[PDB]
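First up is the structure itself, then whatever we jot down about it.
What follows draws every value from the coordinates through simple rules; no lab data is involved. Because the Cβ atoms are built from the backbone with ideal geometry, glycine has one as well, and the counts that use them run over all protein chains shown.
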Amino acid sequence: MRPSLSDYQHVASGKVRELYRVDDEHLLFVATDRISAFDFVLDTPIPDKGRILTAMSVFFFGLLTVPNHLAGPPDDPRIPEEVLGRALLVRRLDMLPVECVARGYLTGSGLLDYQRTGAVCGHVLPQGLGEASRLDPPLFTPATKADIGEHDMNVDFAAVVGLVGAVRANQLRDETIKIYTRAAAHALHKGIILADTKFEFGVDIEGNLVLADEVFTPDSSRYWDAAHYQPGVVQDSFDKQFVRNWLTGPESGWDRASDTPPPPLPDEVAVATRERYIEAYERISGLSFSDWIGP
Ligand SMILES: N#Cc1c(N)ncnc1-c1cnn(CCN2CCOCC2)c1
């Protein structure tokens, strides 16, 4: 008999994820079906999104050779029935307070920083880059969490040194770029560009660096369709473009510039979005989502 979720103590909530204490050395890392667009958690869940993203993260953890915080299999008996397939048993770590971001392509706040200053997180870039320009080598563009509801703040390497130590900062930079490079090459071979990604790491009892959180989901990474990669324009979000187009289209009745909470999504848009998640997962993993565990 699997325990109830109510047997565990809630310790943290994010926009679409939850964290529970299992015992002194283990946590339960829970993905929900909530989706975020335009910095709003939308009213409408995407069915199976939590399970699909958990499956994705597990696949990429298995692909990468680096130590990670997984502490049991996806069907570990400590996982409650209610969250089966969308929750993982993980080791409790001392988390390092750095959002470790790699960018293979220039977009979002990286592009904006570049357009304002010619530099991103201390990296002075070549002239003449623009939206969705390829960056080679990939850039380490660390950030720190800001206040509630606020965007992460881009920082330079010196800031990372000040947060975690000089040797550790070097390690975060090197591992972030190595891990991103491996995953991005794998995805591209399968027809998906991972344009960028965000990692968190923690440290175990021995002082060892351990990859934590979730890895290479479409929430932690910009997924693009490689077959439509066109430098110089904004690339479609592989997973979220239907949602974005509907919300800013004529049928939603919503004005994005108003910054009022957006309306619920059509069921059809939610189902189409689920399909995009499954497509991305199956193309990258070579597995069938119908084989992924659930309640
Ligand atoms: N992963 C991990 C982890 C760990 N293995 N040990 C200790 N702490 C953490 C931890 C603490 N906060 N967060 C991020 C934010 N949470 C994420 C999801 O739930 C919402 C909040 C990660």
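Points worth noting:
- Rounded to the nearest whole Hz, the Karplus-based 3J(HN,Hα) values (6.51 cos²θ - 1.76 cosθ + 1.60, θ = phi - 60°) of the range 248-253 follow the sequence 9, x, x, 8, 7, x, with x at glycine and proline.
- Nearest-20 debye value, the range 95-238 charge dipole, Cβ charges on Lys, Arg, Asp, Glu: 440 debye
- Among the GluC sites (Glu not before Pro) found in the range 87-162, those both in a DSSP coil and sparsely packed, with 16 or fewer other Cβ atoms within 10 Å of their Cβ, are 131, 150.
- Summary value for the range 95-238: 28 percent relative contact order, contacts being C-alpha pairs under 8 angstrom separated by 6+ residues.
- Candidate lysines - alpha carbon under 30 Å from residue 145, same-chain residues fewer than 8 apart omitted: 15, 49, 178, 198, 240
- Loop-located trypsin sites (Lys or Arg not before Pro) in the range 226-295 whose Cβ has at most 16 other Cβ within 10 Å (DSSP): none
- The range 173-242-the range 57-105 distance, computed between alpha-carbon centres (Å): 15 Å
- Between the listed residues 44, 27, 9, the Cα displaced farthest toward the positive end of the dipole of the range 1-47, a dipole computed from Cβ unit charges relative to the Cα centre, is found at 44.
- Total charge dipole magnitude, the range 59-116, about the Cα centre, Cβ charges on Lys, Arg, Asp, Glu only, Debye to nearest 20: 220 debye
- Burial ranking of peptide ranges 21-30, 46-55, 64-73 (average Cβ count within 10 Å, highest at the top): 46-55, 21-30, 64-73
- Rg to Rh, two decimals, where the range 95-238 supplies the alpha carbon set and Rh follows Kirkwood: 0.96
- One quarter of the surface of the convex hull around the alpha-carbon atoms of the chain equals 16.0 nm², the direction-averaged projected area.
- Charge dipole of the range 175-267 (Cα centre as origin; +1 on each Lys and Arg Cβ, -1 on each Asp and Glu Cβ, all else neutral): 400 debye, rounded to the nearest 20.
- 5 Å binning of all Cα-Cα separations within the range 1-94, expressed as whole percents from 0 upward: 3, 13, 22, 25, 20, 12, 5, 0, 0
- Helices of the chain meeting both criteria, an alpha-carbon length of 18 angstrom or more along the long axis and an average Kyte-Doolittle score not below 0.5, with helices taken as full DSSP H segments, are 49-63.
- FRET efficiency for the pair residue 230 and residue 12, taken as 1/(1 + (r/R0)^6) with r the Cβ-Cβ distance and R0 = 51 Å, rounds to 0.85.
- Across the options 110, 217, 98, the greatest Cα extent toward the positive end of the charge dipole of the chain (unit charges at beta carbon of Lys, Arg, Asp, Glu) belongs to 110.
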